[PDB]
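Asker:
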Amino acid sequence: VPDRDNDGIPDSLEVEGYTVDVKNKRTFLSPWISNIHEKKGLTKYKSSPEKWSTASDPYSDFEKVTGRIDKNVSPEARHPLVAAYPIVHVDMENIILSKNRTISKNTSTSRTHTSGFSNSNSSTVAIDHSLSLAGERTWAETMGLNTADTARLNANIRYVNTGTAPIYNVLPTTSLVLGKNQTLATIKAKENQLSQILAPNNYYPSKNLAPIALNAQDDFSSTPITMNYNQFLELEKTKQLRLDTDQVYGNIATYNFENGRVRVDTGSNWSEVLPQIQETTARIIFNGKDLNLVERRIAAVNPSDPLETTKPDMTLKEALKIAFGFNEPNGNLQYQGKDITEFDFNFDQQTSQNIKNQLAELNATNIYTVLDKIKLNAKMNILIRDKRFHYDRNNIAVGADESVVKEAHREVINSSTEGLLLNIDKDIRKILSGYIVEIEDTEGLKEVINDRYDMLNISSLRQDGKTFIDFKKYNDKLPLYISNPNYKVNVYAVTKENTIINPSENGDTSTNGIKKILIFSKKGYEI
Amino acid sequence: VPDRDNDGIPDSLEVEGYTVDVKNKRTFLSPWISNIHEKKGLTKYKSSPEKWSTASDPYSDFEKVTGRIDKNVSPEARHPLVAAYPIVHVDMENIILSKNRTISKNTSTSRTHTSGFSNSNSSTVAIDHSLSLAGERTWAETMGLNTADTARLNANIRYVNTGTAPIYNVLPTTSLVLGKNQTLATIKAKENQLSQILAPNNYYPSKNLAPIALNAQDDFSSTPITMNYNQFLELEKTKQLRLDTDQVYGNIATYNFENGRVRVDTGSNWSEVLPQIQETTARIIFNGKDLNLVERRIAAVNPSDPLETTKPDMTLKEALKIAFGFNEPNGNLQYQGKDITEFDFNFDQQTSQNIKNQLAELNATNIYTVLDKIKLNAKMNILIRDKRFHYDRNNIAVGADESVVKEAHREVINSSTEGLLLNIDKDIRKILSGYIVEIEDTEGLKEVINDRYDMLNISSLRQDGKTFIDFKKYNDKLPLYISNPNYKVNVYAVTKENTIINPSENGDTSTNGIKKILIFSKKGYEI
Amino acid sequence: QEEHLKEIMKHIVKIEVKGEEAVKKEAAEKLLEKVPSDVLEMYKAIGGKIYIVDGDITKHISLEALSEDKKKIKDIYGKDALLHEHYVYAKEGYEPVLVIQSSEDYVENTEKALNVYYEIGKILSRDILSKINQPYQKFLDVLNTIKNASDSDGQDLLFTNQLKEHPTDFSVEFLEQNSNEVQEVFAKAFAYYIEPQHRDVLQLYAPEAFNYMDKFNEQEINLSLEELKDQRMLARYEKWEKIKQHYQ
Amino acid sequence: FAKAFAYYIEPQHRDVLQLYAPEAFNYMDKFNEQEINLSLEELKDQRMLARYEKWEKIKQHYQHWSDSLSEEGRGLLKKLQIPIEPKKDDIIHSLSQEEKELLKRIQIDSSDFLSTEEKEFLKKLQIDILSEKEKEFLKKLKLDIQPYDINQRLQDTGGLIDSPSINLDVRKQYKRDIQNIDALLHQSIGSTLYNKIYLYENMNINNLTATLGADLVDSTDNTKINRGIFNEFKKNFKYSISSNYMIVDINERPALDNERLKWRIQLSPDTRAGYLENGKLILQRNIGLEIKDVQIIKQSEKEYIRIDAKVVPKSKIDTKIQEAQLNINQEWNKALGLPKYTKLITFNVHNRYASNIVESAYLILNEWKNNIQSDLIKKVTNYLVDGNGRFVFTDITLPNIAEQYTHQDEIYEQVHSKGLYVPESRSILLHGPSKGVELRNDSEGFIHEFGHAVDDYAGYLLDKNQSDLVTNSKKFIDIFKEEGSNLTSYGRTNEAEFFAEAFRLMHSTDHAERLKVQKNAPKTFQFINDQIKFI
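Residue numbers (the authors' numbering), protein chains in the order written: chain B, 175 to 274, 287 to 301, 323 to 734; chain C, 175 to 274, 287 to 301, 323 to 734; chain I, 32 to 279; chain H, 217 to 345, 368 to 773.
1) Please name the residue, chosen from C:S330, C:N326, C:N709, that lies closest to C:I491 on a Cα-to-Cα basis.
2) Helix, strand or coil, according to DSSP, for B:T522 in the structure here?
3) Strictly under 8 Å for the Cβ-Cβ distance: is C:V384 near chain B by that measure?
4) Taking the C-alpha atoms as reference points, what is the distance between H:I602 and H:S681?
5) Which of helix, strand or coil does DSSP assign to H:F631?
6) First and last residue of the beta strand (DSSP E) that includes C:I491?
7) To the nearest whole angstrom, what separates the beta carbons of C:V605 and C:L663, a pair I think is in contact under 8 Å?
8) Does I:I81 come within less than 8 Å of chain H when only Cβ atoms are used?
9) Listed from N- to C-terminal order along the chain, which residues in the segment 561 to 573 of chain H have their beta-carbon within a distance smaller than 9 Å of any beta-carbon of chain I?
10) Going by other Cβ atoms of all chains shown within 10 Å of its Cβ, with 16 needed for buried, is B:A420 buried or exposed?
11) Strictly below 9 Å CB to CB, what residues from chain H border I:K56?
12) Contact criterion: CB-CB distance below 8 Å. Does C:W346 meet it with respect to chain B?
13) How many Å lie between B:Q485 and B:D546 at the Cα?
14) Curious, which full-length alpha helix (DSSP H) runs of at least 4 residues does the segment 501 to 568 of chain C contain?
15) Step through the CB atoms of chain C and report whether any lies within less than 8 Å of the CB of I:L62.
16) C:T433 and C:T357 - do their beta-carbons sit closer together than 8 Å?
17) Could you run through the segment 463 to 480 of chain C and flag, in chain order, every residue whose CB is less than 9 Å away from some CB of chain B?
18) Does the beta carbon of H:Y579 sit closer than 8 Å to a beta carbon anywhere in chain I?
19) Whole-angstrom Cβ separation of H:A511 and H:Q425, contact assumed at under 8 Å?
20) Could you have a look at H:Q411 and say whether DSSP puts it in helix, strand or coil?
21) When the Cα atoms are used, what is the spatial distance from B:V384 to C:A372?
22) Taking a contact to mean a Cβ-Cβ separation below 8 Å, would you say C:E645 touches C:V655 in this structure?
23) Quick one: what's got a C-beta closer than 7 Å to C:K444's C-beta in the same chain, skipping five residues either side?
24) Where does C:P205 fall in DSSP's three states?
25) Pick helix, strand or coil for B:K273, following the three-state DSSP scheme.
26) If contact means a Cβ-Cβ distance below 9 Å, which residues of the segment 385 to 397 of chain C contact chain B?
27) Since I:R267 is in the alpha helix (DSSP H), which residue starts that stretch and which ends it?
28) For B:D231, which residues in the same chain have their Cβ closer than 7 Å to its Cβ, ignoring the five residues on either side in sequence?
29) Excluding the 5 residues flanking H:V486 on each side, which residues of the same chain have their C-beta closer than 6 Å to its C-beta?
30) From H:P637 to H:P671, what does the alpha carbon distance come to, in whole angstroms?
31) Is B:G457 near the ligand GDP - that is, is its Cβ less than 7 Å away from at least one heavy atom of it?
32) Examine chain C for any beta-carbon lying closer than 8 Å to the beta-carbon of B:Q403, and answer yes or no.
33) Contact defined as beta carbons within less than 8 Å: I believe H:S665 pairs with H:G627. What is the distance between those atoms, to the nearest angstrom?
34) Does I:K75 have its Cβ less than 8 Å from a Cβ in chain H?
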């Protein structure tokens, strides 16, 4: 039996379909039989008879499907047509400031993607704006910063691997940037210190250990991160930073046939492979799971190249099926309940043109029908986002239609004079910055309790996942008073897009010019 | 005879069952015969026909069972289905403090485990609170500490290997942490100095030598462990320190067939193997032996992976049988007398769900019955702790039900006016902080001799394991007086959980608000 | 590295289990195999045959009722031993009989095979050849060459104490007057010669004895059978039958 | 069928077949590479013209041989196909004395030794003219009324043509005719004109084993075969040897009612053979055949047994018999306690059902030991070895082996039956092929013969000088006069058979039979328990 690619599997099997199936204790490779394998829940593999690794990453077609492989490659990447490679970005948990009266705020970071969008990781941190201290109005004064002073920046970060394969020795160099181009610092690539592993969906260091301190705390530079006044001003007006990271990972862990040992070979290095993967696969970005950008690459054919025409034709439907988890309970593509029709398709200009052609030779207008007839070619970039939410320039979930917001609140488990304990779907509370509470006199007056832009963070989360809104937090540590059991109690929610991050022109602090959505309205009797 | 895994043993033998048995002076491998091998007390081995090492650690199926292996690997790990790997944690024996009149106290450490528990070793020290010196009330003053001063910390530590395999060159880096995230110091990884061996259940340096001084005593840093005042305050209120250690061990010792030489190969390093083990085995934690957390890993099947379905099915009962020493005198699982029913089973949320399923397809509710019908899958975490003791958040033994405490004392070997000489079960005296002695007037009065919160450590241990309570220790070096041969002498015991570690609000030192259990009450003439 | 695994792997992995009792039969048959067949035919021709018992050799019908007195036996090395413990005894009489206790360790070890071969050599010298007085001058000549030779420990290896004290060279009369001692020396040499691992020792310390036995087992044993047969009337008569029939 | 065939032929799927359908793979594996070349011929075997073309092709090659045939050769070949029945006038003219008048008034129909055809023969013989001296003259007469049948002599003697079992003149005649026939078959089949040639022969099951032949055919519907007995027949049928002259056909022809075996025999170019003008071939004697397969087939609504076979040198099969001889002797010498090298279970077989005889030894003895008291077996075996006796399993008639003829010495003293015990030689003979007119199986035949031997040793222990049985002692003859007729009619014949019959029954495998003998002959039961005590 011929086998040109020298990858264990014979040619015909690779072209037509095969599957590995365990017979009591021995595993053997078999040609796909329609009737005996389908009942057993086995996947029909296909691959290239002329490629030692159809995806082009460092694991052979045979190794992947057979399980002889670094046991850390994520499961969904075991299928021969899904490239397995790392994607490391940096997540900053909190910062602190002073001058070479310590501004200590918690931060939230999200992996970003913007638009002709290219293969380079960047993240984006947002510093909390809410006033942890009552008296700390205006940062410029809480820290004695003068026109001729300089502030020091000291943050905590952890690395997150959201890819599909482990990195071993190296940790990426990564540069912090404020504004458009003001590079404050480049985080050194520590040497011979990352002897641990970053498996997919893991943190370094783990959630159980102190996070890696950004400032060295040693003698390398007394304050490496100096920062002039004007810069500090820029930061105060924008409250946003960027973290750009490159692709310099370590070596690769390979499987040895003589004894099954996985040793990090010093010859193979990810910086030689990534270009290959990136130039021969179609890339699909999905924010379905938890509104975070998950990126996968599928091996598609490229007409111009002989060796490349060898790869099995890949239709979009299958791509979604094998890369993310879509299935067919009733033949309708859906991801854990949500039908495929609730998602957007966005394409780069190239891919757009190509798909318009494909839709023309078939005489169809709605791609959601002819979904299983769209051929993927190499280098297409596709963005599938939930259709219900509003988005900003960096494709981060930022808001939503008010009506959806209301349905998300229609389940009042209990109500009293001390607050609400709701049970809301975990995804909505990442596009709500806070709530405005107000009381209405029986004759139409309006009293807003937390009537300051930076006093909205009143919604905490209990250990049983029930959100609890506390009135006494930014009140006077006093219960909630009502001048009339007929006075209505109104609760409003403020979406991210409509929030204010700095005092206005004339330093207005009132919540007047804020687009507010009605979220609750029960009279005194109900409470 | 075919043999794909290339591990010496043929396929059929590995799948069906075999055993090694010494025939007068020559050792040979045989297929298991039910009737002629059982009377000889030989174990029935099974393994994977497609894995050079079923556990996935660096010793072949053949080497383990035949004995050709580093003679240091612990006995229980010789069986092919039990992973052999190291588990190193740091034990701190005593500390001393001063200012850049030195408080030198002995400490006790316990390897910890807390809850969603992850694969990283950490320990926890507790500093003795009892007053060694009468006049040393309030640490803040025994050391001339000022608001703008700094104290120096100098402790002694030893490394403990509680795993099942030896480490050779390296010794792990480990960082001390007070409170939640305040890292006081990271203990350097001394270079080319741990040329000795840490066999399982051993100390480095051995119990017969001075422990490794933490402070260098050289010129590297005058006081590497600086510590601001506020830090010192937290420490004074809590008396707890955490020791987090990572997994960077050395190389691996391999067996050479040509001459039987065990050489440390510089290519293979435990930091490449542990991930494999950690992702393909079920982990069982047991505190049965001496109330210390012993962790073992057993090779279990993982449905999703072809190569992995090859491993022998593992039932919970057999796992306990081969990993820890449980046996069946009368067909009832037991560990040295204690029936299996005296232990709790706690499971991580995943494993919990999985086992609930397993209990559903069998229609049973008490797992203690259906024990031999529970299949283990990869990645389960199971925690088996003694049902009789109360436990704290870090699963350390901390207290117990009063009835057990009283029953543990019903054997009065001797009683006089100078103290008791008991013989108690070695495990109980690890949850008792001390005793309150009092004398009772014939009309109900109450005189507590050692009436101070920090004066409880009055129970020593004689060289024959007989506990001796000394009254003259925290007395006035005088014997015990009794105002009436009819007056009862009452003794109470205070368990750790119910102890106080700092003076109260108004600095009360009296044992009033301490939950005390009566342990003894004999009249004046019954002594 | 992969090469070595194969030999150790083969030595240790018994593919199938022969059985509990088969091994015994296979062991004994292999042992008796190494002795030249012609000896077995001579033994059968003179009567009694070897039977392998399984239990305590001390208690068997054939031997319990005869030779009770000879409970003291001396192994090949000259150390005493009691018959019950010993694993092989033989008896010379009207019914020459040889009894061997079955065991599974005759291929694996060698010290037990040496005692068995020693007994076969004793049967050969005392019961077969003695009917023809085959040990004679050639044997006496080698024997005599062993006693007088440069510090040859060979004597220690083959002679008992009685021999080391005959001052002069060996004489043809002595063998006649004393014939148990010489037959013993013959038996020992025979035993050491058959067993592969001891063959070298023999040729090393008693060269002439090795040469003698080599030519004896090589081409001087068929003559023993033919000459023995020349005593049997029926052998002569069958011979006449065959010769007259064919050329008739 | 088609599906399996497809998966097996396609290289890549063959392994899948073997993994999920092991049995199917084995069947197809054996099917497509030897039997397949077979079934083609049978298709051609249906077309008349193919039959006639191959027959004619076979003719010319033997044309030269046929053209050179003399008169003596053809006359001999004539005699071989049709036996010559004996002519009455010759025998009548051969007696002429007082014995014939004496014979005149004899109770003819009272001799068990005679068979039906011989009774008929004598009854019509009496057109030319009891417990005494007349059945011995009838015993002699039996050795003179047998038909002159060369082929019968050849299986009865197993190729040992010098057997003194018949009159000398007849013996010379037979030797001469057979040697002449041996010279006639000088032409080998070997040619460059043809490859594998298959020939056919229809055979009656009763010729090989009358024990199986009685229940082979389904009791209700004669067109079906009982699968249970078939499996037994097939179990150990692995090789066979033909010592006599095979009369084979060329084209399959319909068989008679009693022929249920349809043989397909392949030949070798070296096999010597003769051609017959009537579409038959005469094969040389002493041919060895290995059986490759045994199956049930259907034809014209009736079931049959298809048996193939391949000709090979007889020596190759003979080696199997000697190696079997050594295996059984080594195993039982250890199991009994006999000297390592004894020749005890020697069996010599030269017939069509050989392999079953050998394998059946490993069963008759297993049933023999587990059913008899260990000490009796050991003691009697010891007695037997003390002499030159050996057990003898054969497939030729008993009168021709060796031991039986010599000691009796009279020509007329010949006896043939299912089993026999010779005191002079102390040997037990078990003829497998025949079926006991009484016994249910072969094991019982053995135990019966064993009884005669035990009776001899038991009688031997009482006194060494005198040769006598336990019977003939006045303390048993009387016992035979009272209870002798309370069991089967066969044992009523005389004391020796009675003892043997009682012995099997007292040791039968069916406890019920034992109870029967308990409640029907209470005296004998304590007597038997008293002779066996001597141990």
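All residues carry an ideal CB built from backbone N, CA and C; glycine is no exception.
Answerer: Looking at the atomic coordinates:
1) As a working mapping, residue 491 of chain C is identified with position 284 in the second sequence. Here the closest residue by C-alpha is C:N326.
2) Position 315 of the first sequence, counted from the start, is the residue given in the question as residue 522 of chain B. Reduced to three states, the DSSP call for B:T522 is strand.
3) The residue given as residue 384 of chain C occupies position 177 in the second sequence. Closer than 8 Å: yes.
4) Indexing the fourth sequence from 1 puts residue 602 of chain H at position 364. Indexing the fourth sequence from 1 puts residue 681 of chain H at position 443. Between H:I602 and H:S681, the C-alpha separation is close to 5 Å.
5) Indexing the fourth sequence from 1 puts residue 631 of chain H at position 393. Per DSSP, reduced to three states, the secondary structure at H:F631 is strand.
6) Translated into the one-based positions of the second sequence, residue 491 of chain C becomes position 284. That run of the beta strand (DSSP E) goes 488 to 493.
7) The sequence position of residue 605 of chain C within the second sequence is 398, counting from 1. The sequence position of residue 663 of chain C within the second sequence is 456, counting from 1. With 8 Å as the limit, C:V605 and C:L663 do not qualify as a contact, their Cβ atoms being about 16 Å apart.
8) The residue given as residue 81 of chain I occupies position 50 in the third sequence. By this cut-off, I:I81 is an interface position.
9) Contact annotation: in the segment 561 to 573 of chain H, residues whose CB is within less than 9 Å of a CB in chain I are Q568, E569, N571, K572.
10) Working through the first sequence from its first residue, we reach residue 420 of chain B at position 213. It is exposed - the Cβ of B:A420 has fewer than 16 other Cβ atoms within 10 Å.
11) The residue given as residue 56 of chain I occupies position 25 in the third sequence. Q568, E569, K572, listed in chain order.
12) The residue labelled residue 346 of chain C in the question sits at position 139 within the second sequence. No, C:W346 lies away from the interface with chain B (no Cβ there is under 8 Å from its Cβ).
13) Within the first sequence, residue 485 of chain B is the residue found at index 278, counting from 1. Within the first sequence, residue 546 of chain B is the residue found at index 339, counting from 1. Roughly 30 Å separates the two Cα atoms.
14) Scanning the segment 501 to 568 of chain C for uninterrupted alpha helix (DSSP H) segments of 4 residues or longer gives 513 to 516, 523 to 530, listed from N- to C-terminal end.
15) Here residue 62 of chain I corresponds to residue number 31 of the third sequence, with the count starting at 1. False, the Cβ-Cβ gap to chain C never drops below 8 Å.
16) As a working note, residue 357 of chain C is residue 150 in the second sequence. As a working note, residue 433 of chain C is residue 226 in the second sequence. Going by C-beta atoms, C:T357 is nearer than 8 Å to C:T433.
17) Residues passing the 9 Å Cβ filter: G474, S475, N476, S478, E479, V480.
18) Indexing the fourth sequence from 1 puts residue 579 of chain H at position 341. At least one chain I Cβ lies under 8 Å of H:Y579.
19) The sequence position of residue 511 of chain H within the fourth sequence is 273, counting from 1. The sequence position of residue 425 of chain H within the fourth sequence is 187, counting from 1. Right, the Cβ-Cβ distance comes to about 7 Å (below 8 Å), so this counts as a contact.
20) As a working note, residue 411 of chain H is residue 173 in the fourth sequence. Residue state, collapsed to three classes: helix.
21) Your numbering for residue 384 of chain B matches position 177 in the first sequence. Your numbering for residue 372 of chain C matches position 165 in the second sequence. B:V384 and C:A372 have their C-alpha atoms spaced approximately 47 Å apart.
22) Residue mapping note: residue 645 of chain C aligns to position 438 of the second sequence, counting from 1. Residue mapping note: residue 655 of chain C aligns to position 448 of the second sequence, counting from 1. Yes, the Cβ-Cβ distance between C:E645 and C:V655 is below 8 Å.
23) Position 237 of the second sequence, counting from 1, holds the residue named residue 444 of chain C. Cβ within range, chain order: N709.
24) Position 31 of the second sequence, counted from the first residue, corresponds to residue 205 of chain C. Three-state result, C:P205: strand.
25) To locate residue 273 of chain B, count along the first sequence from 1; it is residue 99. The three-state reading of DSSP puts B:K273 in strand, counting E and B together.
26) Going along the segment 385 to 397 of chain C in chain order, one finds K387, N388, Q389, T390 with a Cβ nearer than 9 Å to chain B.
27) Residue 267 of chain I sits at position 236 when you count from the first residue of the third sequence. Looking at the DSSP string, the run of the alpha helix (DSSP H) that includes I:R267 is 264 to 278.
28) Along the first sequence, read from residue 1 onward, the residue named residue 231 of chain B stands at position 57. Excluding positions up to five away in sequence, the list reads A257, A258, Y259, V480, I484.
29) Along the fourth sequence, one-based indexing puts residue 486 of chain H at 248. Once the five neighbours on either side are set aside, the close Cβ partners of H:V486 are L437, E439, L519.
30) Residue 637 of chain H sits at position 399 when you count from the first residue of the fourth sequence. Residue 671 of chain H sits at position 433 when you count from the first residue of the fourth sequence. One C-alpha to the other measures close to 14 Å.
31) In terms of ligand content, the structure shown is empty, and the ligand GDP therefore cannot be addressed.
32) In the first sequence, counting from the first residue as 1, residue 403 of chain B sits at position 196. Yes, contact with chain C.
33) Counting from one through the fourth sequence, the residue named residue 665 of chain H turns up at place 427. Counting from one through the fourth sequence, the residue named residue 627 of chain H turns up at place 389. With 8 Å as the limit, H:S665 and H:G627 qualify as a contact, their Cβ atoms being about 4 Å apart.
34) The residue given as residue 75 of chain I occupies position 44 in the third sequence. Taking 8 Å as the threshold, the shortest C-beta distance from I:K75 to chain H falls below it.
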